[PDB]
Amino acid sequence: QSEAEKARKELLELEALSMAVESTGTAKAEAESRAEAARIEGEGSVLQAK
Amino acid sequence: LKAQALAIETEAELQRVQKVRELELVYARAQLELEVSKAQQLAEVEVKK
């Protein structure tokens, strides 16, 4: 179990790189979508107010 | 961008408010000389009588 643990530390630190991706990628995606929609509304509001 | 639209509609609004109130001031002082015209002219018929 000391041998099935020196490798299991390696399986764990690779899951930490992978879980970084699933989380930073998900939050990056839902936030850049809201920033783009609000830019369209913002450039239109300048014209609409003109 | 929200500040650009706030400048556009502030410029528009003050163009109107200025153009309105300046014209209303002309009418306001024409009512005055007509008001003064009455008070002094009915005060003549009061004094002379």
# chains A, B, ... in the order shown; residues from 1 in each chain; ligands from 1
$ interface_residues --of "chain B" --to "chain A" --cutoff "8 Å" --atoms "only C-alpha atoms" --output "ChimeraX atom specification"
/B:1-2,4-5,8-9
$ write_last_selection --atoms "C-alpha atoms" --output "JSON list (two decimals), in the first residue's frame"
[["chain", "number", "residue", "atom", "x", "y", "z"],
["B", 1, "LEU", "CA", -20.31, 53.62, -23.34],
["B", 2, "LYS", "CA", -23.01, 54.35, -20.77],
["B", 4, "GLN", "CA", -21.47, 58.53, -24.00],
["B", 5, "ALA", "CA", -25.23, 58.03, -24.07],
["B", 8, "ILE", "CA", -25.89, 62.67, -25.81],
["B", 9, "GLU", "CA", -29.17, 62.82, -23.92]]
$ atom_distance --atom1 "CA of residue 19 (chain B)" --atom2 "CA of residue 31 (chain B)"
19.4 Å
$ atom_distance --atom1 "CA of residue 17 (chain A)" --atom2 "CA of residue 32 (chain A)"
22.2 Å
$ decode --residues "region 10-23 of chain A" --atoms "N, CA, C and O atoms" --output "PDB file, in the first residue's frame"
ATOM      1  N   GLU A  10       0.465  10.532  -7.883  1.00  0.00           N
ATOM      2  CA  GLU A  10       0.607  11.030  -9.244  1.00  0.00           C
ATOM      3  C   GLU A  10      -0.745  11.129  -9.932  1.00  0.00           C
ATOM      4  O   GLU A  10      -1.011  12.098 -10.647  1.00  0.00           O
ATOM      5  N   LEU A  11      -1.612  10.139  -9.726  1.00  0.00           N
ATOM      6  CA  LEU A  11      -2.973  10.239 -10.232  1.00  0.00           C
ATOM      7  C   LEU A  11      -3.695  11.442  -9.648  1.00  0.00           C
ATOM      8  O   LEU A  11      -4.561  12.030 -10.300  1.00  0.00           O
ATOM      9  N   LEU A  12      -3.348  11.831  -8.421  1.00  0.00           N
ATOM     10  CA  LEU A  12      -4.053  12.934  -7.778  1.00  0.00           C
ATOM     11  C   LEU A  12      -3.587  14.286  -8.295  1.00  0.00           C
ATOM     12  O   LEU A  12      -4.395  15.207  -8.431  1.00  0.00           O
ATOM     13  N   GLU A  13      -2.299  14.443  -8.578  1.00  0.00           N
ATOM     14  CA  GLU A  13      -1.853  15.763  -8.998  1.00  0.00           C
ATOM     15  C   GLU A  13      -2.169  16.006 -10.466  1.00  0.00           C
ATOM     16  O   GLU A  13      -2.197  17.156 -10.916  1.00  0.00           O
ATOM     17  N   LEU A  14      -2.436  14.942 -11.227  1.00  0.00           N
ATOM     18  CA  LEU A  14      -2.925  15.127 -12.589  1.00  0.00           C
ATOM     19  C   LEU A  14      -4.402  15.480 -12.594  1.00  0.00           C
ATOM     20  O   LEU A  14      -4.865  16.219 -13.465  1.00  0.00           O
ATOM     21  N   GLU A  15      -5.164  14.967 -11.627  1.00  0.00           N
ATOM     22  CA  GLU A  15      -6.559  15.374 -11.509  1.00  0.00           C
ATOM     23  C   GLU A  15      -6.674  16.825 -11.062  1.00  0.00           C
ATOM     24  O   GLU A  15      -7.737  17.437 -11.186  1.00  0.00           O
ATOM     25  N   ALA A  16      -5.598  17.383 -10.514  1.00  0.00           N
ATOM     26  CA  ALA A  16      -5.649  18.771 -10.079  1.00  0.00           C
ATOM     27  C   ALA A  16      -5.418  19.709 -11.248  1.00  0.00           C
ATOM     28  O   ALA A  16      -5.945  20.827 -11.271  1.00  0.00           O
ATOM     29  N   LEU A  17      -4.619  19.281 -12.224  1.00  0.00           N
ATOM     30  CA  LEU A  17      -4.509  20.043 -13.459  1.00  0.00           C
ATOM     31  C   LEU A  17      -5.797  19.946 -14.258  1.00  0.00           C
ATOM     32  O   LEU A  17      -6.282  20.945 -14.798  1.00  0.00           O
ATOM     33  N   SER A  18      -6.372  18.750 -14.326  1.00  0.00           N
ATOM     34  CA  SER A  18      -7.601  18.540 -15.074  1.00  0.00           C
ATOM     35  C   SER A  18      -8.767  19.302 -14.467  1.00  0.00           C
ATOM     36  O   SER A  18      -9.597  19.856 -15.191  1.00  0.00           O
ATOM     37  N   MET A  19      -8.868  19.325 -13.138  1.00  0.00           N
ATOM     38  CA  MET A  19      -9.999  20.009 -12.521  1.00  0.00           C
ATOM     39  C   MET A  19      -9.842  21.519 -12.624  1.00  0.00           C
ATOM     40  O   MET A  19     -10.832  22.258 -12.595  1.00  0.00           O
ATOM     41  N   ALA A  20      -8.605  21.995 -12.739  1.00  0.00           N
ATOM     42  CA  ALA A  20      -8.405  23.394 -13.083  1.00  0.00           C
ATOM     43  C   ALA A  20      -9.093  23.734 -14.394  1.00  0.00           C
ATOM     44  O   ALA A  20      -9.789  24.750 -14.493  1.00  0.00           O
ATOM     45  N   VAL A  21      -8.933  22.878 -15.405  1.00  0.00           N
ATOM     46  CA  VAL A  21      -9.493  23.152 -16.724  1.00  0.00           C
ATOM     47  C   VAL A  21     -11.013  23.193 -16.674  1.00  0.00           C
ATOM     48  O   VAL A  21     -11.634  24.136 -17.174  1.00  0.00           O
ATOM     49  N   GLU A  22     -11.639  22.176 -16.081  1.00  0.00           N
ATOM     50  CA  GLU A  22     -13.093  22.121 -16.062  1.00  0.00           C
ATOM     51  C   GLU A  22     -13.710  23.318 -15.352  1.00  0.00           C
ATOM     52  O   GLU A  22     -14.869  23.656 -15.607  1.00  0.00           O
ATOM     53  N   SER A  23     -12.955  23.976 -14.472  1.00  0.00           N
ATOM     54  CA  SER A  23     -13.514  25.061 -13.677  1.00  0.00           C
ATOM     55  C   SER A  23     -13.163  26.423 -14.252  1.00  0.00           C
ATOM     56  O   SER A  23     -14.032  27.290 -14.368  1.00  0.00           O
TER      57      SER A  23
END
